[PDB]
Every structure is written in C-alpha cells, then in structure tokens.
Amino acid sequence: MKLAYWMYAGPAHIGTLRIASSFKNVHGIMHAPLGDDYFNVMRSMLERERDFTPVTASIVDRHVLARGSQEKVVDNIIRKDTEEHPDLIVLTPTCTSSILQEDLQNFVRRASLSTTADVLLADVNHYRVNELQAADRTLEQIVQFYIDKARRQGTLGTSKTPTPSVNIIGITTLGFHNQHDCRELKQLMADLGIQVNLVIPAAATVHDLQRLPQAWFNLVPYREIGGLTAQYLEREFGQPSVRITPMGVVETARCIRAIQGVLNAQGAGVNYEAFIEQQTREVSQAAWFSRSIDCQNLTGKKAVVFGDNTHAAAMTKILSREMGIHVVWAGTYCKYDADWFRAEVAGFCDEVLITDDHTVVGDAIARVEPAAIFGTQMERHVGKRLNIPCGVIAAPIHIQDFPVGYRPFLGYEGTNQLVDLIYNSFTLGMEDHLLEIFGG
C-alpha cells in the first residue's frame, strides 16, 4: 500500500484505449464499474474531438460478483457490433477485471462467433504494466493478428515497393504533440524521396496492416510505443527499423544517416549528406542559434529535465550538446525502461534521477535551484511555487499542451520549436529577476 496523489503514467487500460482510439472503426469495450469511462472525458477535452470516443463500458455492478461480468460482456460486444459495425472490437481489462479473474478469453472466443467484427482481448494486466507498456503491447498484438489473417487468407502482400518506402509506427491519440510529429515525419520522408507505406495506429485501417511488409523498413519515433511491433516485423520479414528519435539537430542527423545505411543495404544508392547540410544551415535555425550571442548567454546555466524516456533524453542532449547548458540532473518516470535512459543520457547530465514520485522530483528541484525546468505539468507547478520558469516537454499535459498551431517536437521544424521553448524559459526568468532588481 502506497500513499500518493499524483502519477505520471496512468493505469494499464489507458494505453489500450489510446491504441483502440487511434485506429478507425476500432471500438474498445472496458469491463469496468460505472465511472471508469473518464477516458472519454479526457479524449474529448484535451484533443477537442469532433467525434464520439469509440469506447464503451460493459458495466460491472454487484450483479457481476454473481457470475455477472461475463454475460453482459458478450451482449455488449454484439450490441456494439451491430450499432457501430466496427472492424475490430477490443475487450479491455481493468483493475477490477483483474481481481474477478473471469474467463474473458472465452467470451471473446464466443462473442466473435456472433459478430461481424473481429474480437480481441487486450493482452494486458493492470498489476504488471502501465499505460505505455500496455499500448506498446496492444499495438503489436493487433499487427500480429492481422498479419496472421492475411497469411491464412493468401492476401499477405509480400513484395517490397519498387521505390524505397517506410512504415511510421507509434503515432498515438493523447500522445504529446503526436499529430504534429506525424505531419513533420511525412514531410521529411517526402523530402528524402521516400514513399510512406503506412502510418500506424493513428488514422490507419486494420485492412491496411497486411501492406506493412511492403515497406523497405520501419521508423519508430518514440521509445515507448511501437518497439514491440517493429521487432516482430524484423523477425518475420527481415524488416529493418530505425529507432532514433529525430528530435534535435544532432539526433535528427543520426536518424537520417541510419535510414541512409538501411536503404543502401538493400540497393537504394542514396546519399542524404547534402540534404542534412542544407536543412541544418537553411531550414533549422538551431545550429545558428548555438553560435549566436543569445545562446552564449546561456552557457553554464543550470537546468533540470524530467519526463518520459523519449523527450527527457532528447531534451537532455539538446541542452548539453547543442546549447552548452549545465543539466544538473535528468530523469524519467519510465522506471521499467530506466537502463535505456541512463545509457542515452550518460555524459549529458551530472546525475540521473529515476523515480515516479513527484515529491522526490520536487525536492530535487528545490535543492538544485536551476534557472529553468523542463518537465511535466507537475514540474511546471513546482516552478510556479518556486518562482522558476518551466517548459513542458512530456505528458501529464493539459489542454494548453494540445495546440492547433503547428508544434511538432520532431524533425527540422521541431528543432525550431525547441529553440523557442528553451530560449523563452530562460529569458522569462532572467527578465523577471531584472524587473525586481530594478523596481517592480
């Protein structure tokens, strides 16, 4: 039993819902008491969604404890089948589903006999995985399943496209600046001369999945979602993957070099090197920022960074390697993937913080007194209490963290956004200190 009121990563079921909500005509149904449907409130508010969130609750009320929770589940699956006609329905275990231990696998077996829709049970367990791991697994599960259908039906499109092409894997609903990252990524592919074969979860149809092996390779932009799927396609198809998050100038260049190797390895005959020079000098302003007097004034200034694996590791390397900032500590709440984090940031901060207790993060901000904080909404609120600016880089995010203005974090324009975000947090706190120093 632990006492807490803040959590950085939600219950497992949130990840499965985010996966289900990112495809079209996929309906999640949650085996859960009345009230666990707040996911729909969140989706509709934060993403300002014009469409109903395709997530329903097979309710668990007391009449469930009595062999309940296993007859409405079949009824609710079929009713959802007929009313909404989805391609796929995904039965969704919660914390409650977890301690009643009913043969959910069975209802799915049964229900799929009476429904036009395919049916799955999210292979996910409240007490073993969080939102992110759940989402990673669910996405693999659905890809594998439909890869399997293609095979057994003879429709598995197995020949690589004539010209190099890619699958972009891991773009998700309620994912931090995902919609913009996605647009930034398709644009980069287009500039590189690479057809985009398929983008998955987000806006994909389940019927597209069989076209996946037709890509020459797979790009996975975020550490936490899509790894599983990229790996399965490697072992089944020999489909290589590039998992370097193009976030920042130096990392964007890596990603693109890796793509270069992987394609030339299959005969592409391509050099991107002139493209990288031309984008780095002309399209990104970040290289130029690093040389400018603005950035020079930041050298040696102290920052702390906290977030998920992808954004905190990328932010940490942008601060140190690209702007001469002194990152006193960088941390992540992805404990289950802590070793990856420590390795990514080695040599880019003085100390590494691995925790998911906000009060440990808070105390570690007060003790260090940085000039700026890059973290979640909770680190933003610590900044306000302590009079220190904060740039928000990772989820638990609020509505202001879902802009309709174009704000990717990835790619070359993403580098432009990170400069502003960083220079603005430092300069707001300096300008404040000066005001007080002068008058008020």
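All residue numbers are counted from 1 along the displayed sequence.
Between 241-249 and 78-86, it is 78-86 that carries the larger average Cα temperature factor according to the deposited entry. The stretch with the higher mean CA B factor, choosing between 259-267 and 194-202, is 259-267.
Annotation for 376, 400, 40, 415: 40 ranks highest, by Cα B-factor. Across 180, 128, 358, 326, the greatest Cα temperature factor reported in the deposited entry is at 128. For residue 27, the recorded CA temperature factor ranks within the lowest third of the chain's modelled residues.
Residue 34: CA B factor lies in the middle third for its chain, per the PDB record. The deposited CA B-factor of residue 321 belongs to the lowest third of values across its chain.
Among the modelled residues of its chain, residue 293 has a C-alpha B-factor that falls in the lowest third according to the deposited record.
For residue 19, the recorded CA temperature factor ranks within the lowest third of the chain's modelled residues.
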